[PDB]
Amino acid sequence: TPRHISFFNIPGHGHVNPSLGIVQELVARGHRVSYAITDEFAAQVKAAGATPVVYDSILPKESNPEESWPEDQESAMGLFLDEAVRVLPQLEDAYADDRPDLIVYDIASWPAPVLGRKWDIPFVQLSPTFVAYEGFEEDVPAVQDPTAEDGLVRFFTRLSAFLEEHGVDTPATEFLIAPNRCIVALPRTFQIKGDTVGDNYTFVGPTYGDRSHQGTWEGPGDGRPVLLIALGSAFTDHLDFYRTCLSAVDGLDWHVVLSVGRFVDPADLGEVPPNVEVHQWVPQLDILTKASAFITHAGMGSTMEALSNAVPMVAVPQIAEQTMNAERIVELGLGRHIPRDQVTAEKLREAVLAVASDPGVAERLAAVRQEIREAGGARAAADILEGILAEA
Ligand SMILES: CO[C@H]1C[C@H](O[C@H]2[C@H](C)[C@@H](O[C@@H]3O[C@H](C)C[C@H](N(C)C)[C@H]3O)[C@@H](C)C[C@]3(CO3)C(=O)[C@H](C)[C@@H](O)[C@@H](C)[C@@H](C)OC(=O)[C@@H]2C)O[C@@H](C)[C@@H]1O
Ligand SMILES: O=c1ccn([C@@H]2O[C@H](COP(=O)(O)OP(=O)(O)O)[C@@H](O)[C@H]2O)c(=O)[nH]1
């Protein structure tokens, strides 16, 4: 019997993209899927087969170059709280006459447990990044409730007030980091201390789907190796870095696709070498199916798309989460890590050439690609959700 499954997410490609393979699988299985997101993402969600439930957000739009995310967790958590306050009633109104049978929610979609409780329906977290392992709060002490110093006190005070007002008695830190049930969009082997993560998490590897909505990328079709350079969907405002990349690839016998993000006008790079094409935004997944190397910020989505395609990486992280991902890449022998303020043209060139030609890296990428093929993906995730629906 078809059920109504609602996805709650936040307006960022790194949070939305992994969910879409699960949407596509659920729709294929005959379920009615609705998807709470902003207008910016409605067309993409529609293409996946879901009905958008559009809400108004105060979060920085990845399409608006006049605003950006903060780099620090403290500020970001404040933003997600204020957004939760404002989004909660919008979703309650939208679903008033048509409550879902189950909610699948992103790590930052804090209205979900509130409404799951209110509506007495199951709610399952979908994590696009690594989850809390044994001792997590010591490594990431911003999640510890102290009740920048004043800022964290103010945040926890306000978070506790929100939760209590809306009938959630879960202690604040637990609310933030310990979901009752979570489907994780990476394999356990990549997860930091994955062996210490308990059975309320299931690691299914990347869950991205058919991204035909983005269309195809047409390569030169000359047999030359293709390098993708892309720093994700958020922390991309790095003109000097992109100029350094141009110098790095000049005279390289490779085709290069350079994605510069929404903050940088491609014309501000000037004349680019003849082997380079520059865009603000590219069909990254399609290009990664054709690529021989990838200069990446090591966001989890980008990491998992590359690994699914056995593409070696040179990681230049922006925020701490990405540094942790880059360290895992190094530890697993899948690429190189060059910290942001240690980048030069020569270093980038040497790294790309080294990772793309290393037979040991190639062997390890082949192994990891197979692990991902075995992890279960969107099929396993949909199975888990259907098991919950069978009871609910
Ligand atoms: C290890 O250091 C990390 C720790 C933490 O990295 C986060 C995450 C990924 C950040 O999101 C990112 O925030 C930046 C600002 C924008 C970005 N994009 C939308 C563009 C977004 O994905 C958070 C702020 C989002 C958030 C609200 O759910 C939380 O803070 C919660 C309570 C969170 O701690 C738990 C679920 C634990 C188990 O997960 C994590 O610690 C991940 C790894 O915050 C990062 C800023 C630090 O770099
Ligand atoms: O030009 C681009 C740049 C990024 N992406 C997609 O945006 C997502 C970025 O997510 P990630 O987790 O790597 O990083 P974040 O944007 O969260 O920092 C991935 O799915 C990419 O395929 C894309 O399609 N085209």
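Residues numbered from 1 in each chain as written, not as in the entry; some residues may be left out. Chains lettered and ligands numbered in written order. Heavy atoms only, no water. Residues with missing side-chain atoms left out of burial classes, pairs and counts.

Per the PDB record, this model was obtained through X-ray crystallography at a reported resolution of 1.70 Å.

Here we come to the UniProt feature "binding site: UDP" (unreviewed entry) in the protein. Taking the UniProt record as the reference, the feature "binding site: UDP" (unreviewed entry) is found at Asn17, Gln214, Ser233, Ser259, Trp281, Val282, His297, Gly301, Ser302 and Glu305. Inspection of the secondary structure assignment puts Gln214 in the loop between β7 (201-203) and β8 (226-230). Excluding its chain neighbours within four sequence positions, the residues that come into contact with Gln214 are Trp281, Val282, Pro283 and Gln284. Topologically, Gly301 is positioned in helix α10 (residues 300-308). Residue classification places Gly301 among the partly exposed residues on the basis of a relative accessible area of 30%. (UniProt positions renumbered as here; feature names shortened; annotations may be inferred. Helix = DSSP H or I, 4+ residues; strand = E, 2+ residues; numbered from the N terminus. Contact = heavy atoms within 4.5 Å. Buried < 20%, exposed > 50% of the residue type's maximum accessible area, 1.4 Å probe, protein only.)

This part is about the UniProt feature "domain: Erythromycin biosynthesis protein CIII-like C-terminal" (unreviewed entry) in the protein. Those residues carrying the UniProt feature "domain: Erythromycin biosynthesis protein CIII-like C-terminal" (unreviewed entry) are residues 246-372 in this numbering. Measuring from the first to the last C-alpha atom of residues 246-372 gives 33 Å, for a span that is 45% helix and 15% strand.

So, about the sheet that holds strand β5 (residues 123-127). Within the open sheet, the 7 strands sit side by side as β3-β2-β1-β4-β5-β6-β7. Their pairing is parallel. In this open sheet, the two strands that pair with only one neighbour each are β3 (51-54) and β7. The mean inter-strand angle of the sheet, taken between neighbouring strand axes irrespective of direction, is 25°. When strand β4 (residues 102-106) meets β5, the two strands line up parallel, connected through 4 bridges. Across the sheet, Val104 pairs through a bridge with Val124, a residue of β5. Contacts between helix α1 (residues 13-28) and the sheet are confined to β1 (4-8), β2 (32-37), β4 and β5, with β2 contributing the most and set at about 165° to the helix. Most of the contacts of helix α4 (residues 111-119) go to β4, to which it runs at about 165°, and overall it touches β1, β4 and β5. (Pairing = 2+ DSSP bridges. Axes fitted to C-alpha atoms, helices over the stretch in contact; angles between N-to-C directions.)

Attention shifts here to the site of ligand 2. Residues in contact with ligand 2 amount to 19 residues; listed here are only the nearest, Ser233, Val282, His297, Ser302 and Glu305. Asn17 places a polar side-chain atom, nitrogen or oxygen, 3.1 Å from an oxygen atom of ligand 2. In this structure, an oxygen atom belonging to ligand 2 sits 3.4 Å away from a side-chain N or O atom of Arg211. Here ligand 2, which alone exposes 540 Å², has 93% of that area covered by the protein. Counting residues per element, the ones that place at least two in the shell around ligand 2 are α1 and α10. The leading source of residues in the shell around ligand 2 is α10, at 4 residues. (Near = heavy atom within 4 Å. Polar contact = N/O pair within 3.5 Å; in protein donor to acceptor, adjacent residues only side chain to side chain. Areas by Shrake-Rupley, 256 points an atom, 1.4 Å probe, with all protein chains shown as cover.)

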